[PDB]
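The chain that follows stands alone, in the form deposited in one PDB entry, written as structure tokens.
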């Protein structure tokens, strides 16, 4: 009865599904659940993209009033997780403390639930892998229910897809109200904190591991495919990917349905849903290299009104052979600017209808101290790390708070402003860069950064000869699955494109970049980082008009 509470400290692997119905607040709801998962269950070491599929204020108050977890939070960076490796390859783990069933019983008891439900809205999903300290899936389900109830004070559905290699079907669970309190107290410092426990007792009816709908719901396979394509559970007839591929082509050969069209991958730049590949956002460049705060802030507002969705501020040139002037530090160039902008914006904020009108703010820095100060003072939304967080990976710690995730651009480069033009050997240029960006994403994702908040940038001009920059453009389709951010603006390789004073070359350069804006638009590049906002907006508006068929 209380052998479910035995002293033994163990680490298990759980795979969860988080679903909501609320389009408006999906991000905030799912990420609140991510936070509570990380607080109350263990460590997030994988996430899928966010998807939209076809079959408020008290949250911010809740996060202030949470009971502490009996268990540690360790933010140190990890580079491998052994239990996860073991989970993936089906290696040896401890016997389940809960009674298992064989394949036949499971398959039978699954169908029986499916058929019953076959007698008797947009969904927003995300899956998670958690390195858990919770002893067993039922205990987990109790805590998961606590979390769902916290978030009500429907709105959030949290299912257990997997839990080690276990196979479990328990038909008639009834847990006495004091047993629930006893389970929650093992994991939480329990201290109205008692009345919640009442609602939970009728909620746990049975427990199926794997979850009943795991292979029967497209939206689950979609998420799992992002994270664990090669996983094979005893109870499944193939790997996650295979099962996923079959589901796609079957709907193409049992109906005439391309399932992808109804089920959209999402990325998040700040706090809203963006559908992958549906819009080319302009990112306006603000180089503060001496540029006076007031003037810098004027330029920011000129760019908002010229059409920029995002402003990318940098205080440190990375341009070829640039030696900076130590007279003034990066911090002192960027912070006063972002503070002034935050002031001006808040003055003129409550005078007009301007909240969604606020540009997402991006900082082009590799330096942890700079980003720590921006993040502490709520001055930025995105980290633009031209070293893909390799220069100081501690920075990745700054992308999470108790109730906040920040998004990040990972760019590819080699060397520094002085050596980079000399480091241009690649066995397989297009794929070496892709593979590198994937490894960097895997490292962030292993360390709890949501997959959907990570953007890829091939870094044109950084350790690329001009013909290699072009070739990276020519092959941009290899990023069709990923949120893609590129920066071609006023780079050398553009001039390399023309045939034959500096004002004439300045203009050829702006104009050559409008060509790459056109190309980008058709290639459905998600973000483009540009100096010339007005010009870029004009181009994208025209091309959008040409594409819009009128009724």
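Numbering follows the first chain given and starts at 1. Rigid core here is just the name for the largest C-alpha set that superposes within 1.5 Å across the two forms.
Among other compared entries that model residues flanking residue 500, a third or more give it no coordinates. Across the other entries compared, none leave residue 443 without coordinates where the residues on each side are present, so it is far from a third. The modelled chain is continuous from residue 353 to residue 354, since every residue of the deposited sequence in that stretch has coordinates. Mean C-alpha B-factor is higher over 355-363 than over the other stretch, the pair under comparison being 355-363 and 473-481. Between 203-211 and 389-397, the higher mean Cα B-factor belongs to 203-211. Ranking 111, 239, 164, 125 by Cα temperature factor from the entry places 111 first. As recorded in the entry, 234 carries the highest CA temperature factor of 377, 234, 309, 384.
The deposited CA B-factor of residue 229 belongs to the middle third of values across its chain. Split the chain's modelled residues into thirds by C-alpha temperature factor. Residue 320 is in the middle one. When all modelled residues of the chain are sorted by CA temperature factor, residue 68 is found within the highest third. The entry lists a Cα temperature factor for residue 61 that places it in the highest third of the chain's modelled residues.
Ranked against the other modelled residues of its chain, the C-alpha B-factor of residue 418 as given in the entry falls in the middle third.
This next part talks about the form deposited in another entry, which is not shown.
Lining up the core between the shown form and the other one shows that one residue from 351, 99, 477, 92 moves its Cα 2 Å or more, and that residue is 351. Relative to the superposed core, residue 318 undergoes a C-alpha shift of no less than 2 Å between the shown form and the other one.
With a change of no less than 3 Å, the CA-CA distance between residue 324 and residue 369 is larger in that other deposited form than in the form shown. Figure legend: C-alpha atoms of residue 325 and residue 491, shown here, are separated by at least 3 angstroms more in that other deposited form.
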